[PDB]
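**Student:** Just need the structure, nothing else, for what follows:
(chains A, B, C, D, E and F, ligands or ions: 2)
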Amino acid sequence: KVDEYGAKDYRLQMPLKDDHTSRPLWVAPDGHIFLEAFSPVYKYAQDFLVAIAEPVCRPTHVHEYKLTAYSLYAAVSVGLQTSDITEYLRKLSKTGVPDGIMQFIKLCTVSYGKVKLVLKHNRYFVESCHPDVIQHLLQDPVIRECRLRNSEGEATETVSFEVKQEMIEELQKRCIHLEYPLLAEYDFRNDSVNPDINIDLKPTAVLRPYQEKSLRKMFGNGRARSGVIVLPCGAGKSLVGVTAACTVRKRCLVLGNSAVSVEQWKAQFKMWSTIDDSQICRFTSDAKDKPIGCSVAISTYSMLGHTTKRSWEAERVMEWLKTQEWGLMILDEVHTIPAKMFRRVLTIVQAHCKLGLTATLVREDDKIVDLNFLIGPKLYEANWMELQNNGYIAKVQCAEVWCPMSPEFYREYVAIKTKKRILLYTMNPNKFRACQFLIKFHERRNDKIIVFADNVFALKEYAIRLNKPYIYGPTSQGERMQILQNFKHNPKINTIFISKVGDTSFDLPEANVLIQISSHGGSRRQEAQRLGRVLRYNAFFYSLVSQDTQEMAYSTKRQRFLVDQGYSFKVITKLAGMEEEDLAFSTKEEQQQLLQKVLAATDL
Amino acid sequence: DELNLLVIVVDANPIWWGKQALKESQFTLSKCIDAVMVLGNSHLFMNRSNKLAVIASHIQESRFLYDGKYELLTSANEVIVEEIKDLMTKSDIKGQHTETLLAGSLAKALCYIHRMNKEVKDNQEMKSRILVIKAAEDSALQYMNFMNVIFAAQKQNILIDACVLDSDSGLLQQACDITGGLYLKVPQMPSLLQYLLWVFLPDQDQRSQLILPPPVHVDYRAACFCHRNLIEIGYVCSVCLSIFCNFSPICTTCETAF
Amino acid sequence: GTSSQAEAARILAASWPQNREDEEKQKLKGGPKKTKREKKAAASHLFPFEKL
Amino acid sequence: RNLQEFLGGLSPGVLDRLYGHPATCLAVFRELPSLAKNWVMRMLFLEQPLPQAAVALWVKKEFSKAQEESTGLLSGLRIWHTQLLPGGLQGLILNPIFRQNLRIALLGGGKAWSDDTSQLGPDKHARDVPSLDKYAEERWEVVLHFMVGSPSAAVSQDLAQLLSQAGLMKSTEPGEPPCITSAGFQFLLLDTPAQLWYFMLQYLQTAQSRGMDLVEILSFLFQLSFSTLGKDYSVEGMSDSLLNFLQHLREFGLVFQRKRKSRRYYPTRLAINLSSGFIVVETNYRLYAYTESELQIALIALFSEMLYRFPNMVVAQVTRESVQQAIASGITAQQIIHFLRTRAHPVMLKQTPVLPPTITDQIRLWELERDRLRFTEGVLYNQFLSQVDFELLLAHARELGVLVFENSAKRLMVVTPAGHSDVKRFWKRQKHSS
DNA sequence: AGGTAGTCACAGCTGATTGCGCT
DNA sequence: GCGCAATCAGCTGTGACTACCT
Ligand SMILES: [Zn+2]
Ligand SMILES: [Zn+2]
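**Tutor:** Numbers count the residues shown, from 1 in each chain, chains lettered A, B, ... in the order given. Ligands and ions are numbered 1, 2, ... in the order given. Next up is the structure itself:
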């Protein structure tokens, strides 16, 4: 509250430092938790904090977590009660809980189970234990449109009433503003109305303890609740979804991002679920393997939310699909859920549990907050540092090596400002030489190399100069698949170029070296995804930027997610043996010739 | 950040020192103790962080021995003098045992070094070495225990230096050669302190800088299982690797194991 | 040509972060390393292409 | 500056007088290199000089540079002196006084360094080691606050004058409190044992103004260095000049004493360290300090942005702007790195190195940002009609030592403003002589 | 005296057309 | 002549740059 040095000091607020330091935790009045990792009780404190709060940074020594209303909702969703969490937080405080958190925790946890949402006979109902709250929200104008025709009293038994199916998102957004958040609990143990399927995973696909913890938190009291699980791409992500689908034992719907991720999910199901191919169906307008009458359906976005005319067969498939309940609707790459057309997808299908999986939950436009009510609370957030300490995740040695701007290019860079400077620092001759040197070194040491490069116009001359395979992106489907398939099991070729195509969950093979050049501006999601394509110092990835350009600021502002995850970006300013061998653009003649071909765009 | 620990094992066998005293020679046990104390004081003066330990071996057991001069040295010397007086004055010959318990003293030194290593802060490395001065004859009964001690010292990278006074010991030569220590036989006993300060005073890093006498001819004669005597040619079992002086139709050790 | 190669190398390899780093190195320790522990840590934290 | 640098600049007579105290010889010995100590110990019991070649042959050829450095340091400290050995050879033998005092300090002999301690019996108002440490820390914090200028710190006028003499603070106008200079900030950033030693060196340099014997002060300081913590000694047996120095040390917190007339004085932990962790540093440019005193808070806030202040914790963020501001204040990046390394928490000691390389590299790169542009005032000459004429003027300027930059290809040269007049006069004379 | 719908780049998807192959 | 695969139109997501009102 005091600003003697510009720092919020709370010395007087929390003086309960009785005896004496044995509790490795610090609380903040507004809200924050600081955890000391070098403590004998580190594991238990970490388990307690994960179940109640989401992390904000996990460096090697002092973790920092944040307390949010949705985190407390998730905590109270599990068997943890208000008294237990309060007494255990007071147990490990070392400073005393300020009287702004206990009131906040109490207010958040009081209104959890008052309002519930249920699905029955393809109808959405809102049920409340206390009848008074219904009259409390009756005067709200937005809610009154949901009922039709006005739902005079909907006398049952406990007071509940029907709501408009297509306006469920609006009421979900309103309820949290009304301090009456909705809960999505599916008691699949006793339904007797939904036709459960005979899916059963093979008893040979073992899972790691963190996956066990995530699943156990998903099923806390014998029921499944909608949530989000964040795991690295290299780690086991599809396995968690398959296990959840098997445990739910209901008709499963899987949504992917690309037309190739559906094949990935089908392969995962065929590998770890022992499901006959008749029940498995893929609905992506490619083979149409009779999706009508199926147990497990896999499809992708941008197909369930078409606002234009649809195919005749696809129309009938959608009509059939929108006439029955769904069990554990699984969404992949949940981070790009809050979109103009992707949000309505959850409103176009009916499901009991909505499970979202992703590796990079960070996104711009601050629309991640909407995901709290679109699907549910952030359930699990894996700790990447301890994950790679166990050896199951490759310990990637991050590097941020920059190159000076050549004199023939910096003049043009400072001369132009109307969006024409991207190619100038993208095609820096010094950065080109650094990339070529890294390629040659890691080919001499026999490491698989993936070079990410947006602005495919530059990538053309970047790849044809070295005469190496590249993926333009609008090429074809077979060519990309065959290139990626022969990239792994071929000693002759061990380096590929990707232009914004690998910025999603694909089937790229294991690689040890990743080099990114001229990516998007501040896409922390993109850089985190690119890093995820390497881990699965076993590996290491480099980022090349041009000094005294906007790319420096972009690289600085895009790595904050990874440093929050615990990674450190070493700065490399000199490359050993740069002049030992011959590289391209050795003389100034071709460097100044490059100016004409890089200014030859003239997109006017 | 460089910490050096020196453990000095003193062969305090009463029989050999009594014979030396009866010889009325210029060298006695008192002069040996004084030289050891001076060497310890020099080691402590070399650096502040240097740690010193002194263990005296006797027929009974091993004793942990640890105005105008340094205050800590004055306290250190008094404790060593009191301990050596208490050990020798209260030493009563009870039995026919005469061989020095050199192996037990080395084991205690290793345990003490292991204890001290843990107490060191993780920012510093505790370079440890053991110096042994030998006066009595070597004991062939403790061959296996001595070899185990040598291997344990080698595993933890602890130098073992031997300063033989009268009779060369093959066990000490093997310990010096295996662990990389320095083995030296004293030509003139009264000049012991000068030899200790000239040879064994520098640490391993400093020994590289200096020129030191070449290692003496180290022997590797093995000890028979049924005789506990050094031999050159003997029979060795192919299963348990036990060594026997004479051929036997059946291996005793393999018969013991079931 | 040969002169152009040397000119380009001089411009590139020492543009911003050498005109001061090289001068500092000329005014640096010069002698041997502090301890062997420092060298081991540096080798561990250095990249494979920087150790050749 | 270290002890060896100060000892090297002393006259031989002062060095000879210093060796008369056994404590001084031990302190000098412990400051020697590792190779030098072995040579001193080997020559401890020698009454005859040794040939220089014989001493040189002890060390191997590959390590001859270290041997030469050790020999040069020993010669500079005058521990041993070259002796004219008969036969044309040069013999090396230790100083007899130094050798005798070293043997007394090691083997024993003479009287104790202190007069006596049991003459007055137990102390009526004896303190404890934690109390002594608290008193020393409070005195040091008071001194450092007086360096800042807070009214809560009140010290003697002589201490303020000494600080002014050290250059840390300047008094532009009499009466008004002095202002701390950039050297004051650099000294504050220094480690406490380094700060104590620098202050003591300044005191020794300025002692001749107060008419105090350098040898006696150095001997007493070295004796205090080897004193046992928690054990008092008799004040008596010292000159009245040494009494003022003892009172100054008591004001500095090195030595505790209940009253000026008291016959007892208790050396503190600072006094012992005069002979020679709470900060956790994270890869995300965050400092977690386990401190409560305002001194460490100010020191950290000098080069970082404060975020949170828990009653027993300080959470700060090391940002580019804060480091740039601190460097503009006069603190170099190397000093910041050394300060962070010294105050490193014991947990960080496991990591090798203790400070993560990325943070140190980023700090160093931030330091280089301020001095990216180099500014050198001067006068440019570009009106050379002939190549030969340019070369002669360039050579003359180099002789005068005023040349800043030269370019023979375009016949361009830059001279210092001070040397511009000389070059102009030379050029005028050359044209007249032509 | 200080902030958001068009606009641009680069990818994705699905809904048709549309020339190419033939024991 | 029929059938399969290549191709484009239209719509959308992601991130960043830019011209008029409280
Ligand atoms: Zn035998
Ligand atoms: Zn056998």
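**Student:** ok, now which ones touch residue A:313?
**Tutor:** Contact partners of residue A:313, counting by CB atoms under 8 Å, 6 or more residues apart in numbering or on different chains, are residue A:288. No exception for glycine: its C-beta is placed from N, CA and C like everyone else's.
**Student:** show me what contacts the closest residue to ligand 1 within chain A?
**Tutor:** Ligand 1 sits closest to residue A:391 of chain A, with a gap of 50.4 Å, by CB to the ion. By CB under 8 Å, 6+ apart, residue A:391 lies in contact with nothing.
**Student:** how close does it get to residue A:59?
**Tutor:** 20 Å (CB to CB, to the nearest Å).
**Student:** Show residues contacting the longest helix anywhere in chain A.
**Tutor:** Counting by DSSP state H, the longest helix found in chain A is helix A:429-444. With CB under 8 Å, 6+ apart as the test, helix A:429-444 has contacts from A:401, A:403-406, A:408-409, A:425, A:449, A:451, A:462, A:465-466, A:468, A:494-495, A:512-513, A:515, A:517, A:542, A:544-546, A:575, A:577-578, A:581, A:583-585, A:591, A:594, C:12, C:48-49.
**Student:** Would you map the strands across the stretch 51-200 of chain D?
**Tutor:** Under the criterion DSSP state E, counting those that start in this stretch, strands of the stretch 51-200 of chain D are mapped to D:80-84, D:90-94, D:169-170, D:179-180.
**Student:** Excluding chain neighbours, give the residue nearest to the residue in chain A positioned nearest to chain D in space.
**Tutor:** Residue nearest to chain D within chain A: residue A:7 (3.5 Å; CB to the nearest CB). Spatial nearest neighbour of residue A:7, chain neighbours left out: residue D:306 (3.5 Å); criterion: CB to CB, 6 or more residues apart in numbering or on different chains.
**Student:** unless I'm mixing things up, that neighbour is touching residue D:313, no?
**Tutor:** No. Judged on CB atoms under 8 Å, residue D:306 makes no contact with residue D:313 at a distance of 11.7 Å.
**Student:** mind listing what residue 79 touches?
**Tutor:** Because you didn't say which chain, this covers chain A. Contacts of residue A:79 by CB under 8 Å, 6+ apart are A:220, A:221.
**Student:** that's the wrong chain, I meant chain B
**Tutor:** Contacts for residue B:79 were tallied using CB under 8 Å, 6+ apart; they are B:65, B:66.
**Student:** Secondary structure element for it, which one?
**Tutor:** helix B:71-89 (DSSP states H and E).
**Student:** Downstream of that helix, the next helix or strand is which one?
**Tutor:** From helix B:71-89, the next helix or strand downstream (DSSP H and E) is helix B:102-119.
**Student:** Could you see whether chain D lies near that following helix?
**Tutor:** No. Between helix B:102-119 and chain D, judged by CB under 8 Å from any CB of the partner chain, nothing touches; the nearest distance is 13.0 Å.
**Student:** quick one on the thing from earlier: any chance of the strands of the stretch 51-200 of chain D in CSV, plus distance to DNA strand F and mean neighbour count?
**Tutor:** Output for the strands of the stretch 51-200 of chain D, formatted as CSV (distance: least, CB to the nearest atom of the strand, whole Å; neighbours: other CB atoms under 10 Å in any protein chain shown):
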stretch, distance to DNA strand F, mean neighbour count
strand D:80-84, 70, 15
strand D:90-94, 72, 18
strand D:169-170, 48, 16
strand D:179-180, 44, 14
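**Student:** out of the ones you listed, which comes closest to residue A:103?
**Tutor:** strand D:179-180 (46.1 Å; CB to CB).
**Student:** Number of residues surrounding residue A:267?
**Tutor:** 12 (other CB atoms under 10 Å in any protein chain shown).
**Student:** now swap in residue A:371 and tell me
**Tutor:** Residue A:371 has 22 nearby residues by other CB under 10 Å.
**Student:** Now do the same for it: helix, strand or coil?
**Tutor:** helix (DSSP: H, G, I helix; E, B strand; the rest coil).
**Student:** Select from the contacts of helix A:429-444 every entry located in strands.
**Tutor:** A:401, A:403, A:449, A:451, A:495, A:513, A:515, A:517, A:542, A:544, A:545, A:546 (DSSP state E).
**Student:** Just send the residues you listed back as CSV, with distance to DNA strand F and neighbour count too.
**Tutor:** Shown next, in CSV, are the ones in strands among the contacts of helix A:429-444 (distance: CB to the nearest atom of the strand, whole Å; neighbours: other CB atoms under 10 Å in any protein chain shown):
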residue, distance to DNA strand F, neighbour count
A:401, 21, 20
A:403, 20, 23
A:449, 25, 23
A:451, 20, 25
A:495, 25, 22
A:513, 24, 23
A:515, 20, 23
A:517, 16, 27
A:542, 21, 24
A:544, 18, 25
A:545, 14, 23
A:546, 15, 26
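**Student:** Quick check: buried residues in whatever helix or strand residue D:222 lives in?
**Tutor:** Assigned by DSSP H and E, residue D:222 belongs to helix D:214-225. For helix D:214-225, a neighbour-count test (16 or more other CB atoms under 10 Å in any protein chain shown) marks D:215, D:216, D:217, D:218, D:219, D:220, D:221, D:222, D:223, D:224, D:225 as buried.
**Student:** now swap in stretch B:110-128 and tell me
**Tutor:** Here stretch B:110-128 shows B:110, B:112, B:113, B:116, B:123, B:126, B:127, B:128 as buried, counting by 16+ other CB under 10 Å.
**Student:** show me the contacts for residue 69.
**Tutor:** Here I'm looking at chain A. A:108, A:176, A:181.
**Student:** actually it's chain D I care about, not the one you picked
**Tutor:** Counted by CB under 8 Å, 6+ apart, residue D:69 has contacts residue D:33.
**Student:** can you give me the helices in chain C?
**Tutor:** Assigned by DSSP H, the helices in chain C fall at C:2-13, C:21-26, C:36-45.
**Student:** contact partners of the longest one?
**Tutor:** By CB under 8 Å, 6+ apart, the surrounding residues in contact with helix C:2-13 are A:404, A:406-407, A:430, A:433, A:574, A:578-579, A:586-589, A:591.
**Student:** try stretch A:488-502
**Tutor:** Contacts to stretch A:488-502, defined as CB under 8 Å, 6+ apart, come from residues A:439, A:442-443, A:446-456, A:459, A:462-463, A:468-473, A:480, A:483-484, A:486-487, A:508-510, A:529-530, A:533.
**Student:** Can you pull the domain assignment for chain B?
**Tutor:** Domain ranges of chain B: B:1-210, B:222-258, per curated CATH domains.
**Student:** So what's the residue count around residue A:407?
**Tutor:** 13.
**Student:** Run through the residues that contact it.
**Tutor:** Contacts of residue A:407 by CB under 8 Å, 6+ apart are residue C:11.
**Student:** How much space separates the nearest residue to residue D:76 once chain neighbours are set aside from DNA strand F?
**Tutor:** Closest residue to residue D:76 apart from its sequence neighbours, by CB to CB, 6+ apart: residue D:8 at 4.7 Å. Distance check for residue D:8 against DNA strand F: by CB to the nearest atom of the strand, to the nearest Å, it reads 60 Å.
**Student:** Surely residue D:8 is in contact with residue D:78?
**Tutor:** No. Contact criterion CB under 8 Å: residue D:8 and residue D:78 do not qualify, at 9.4 Å.
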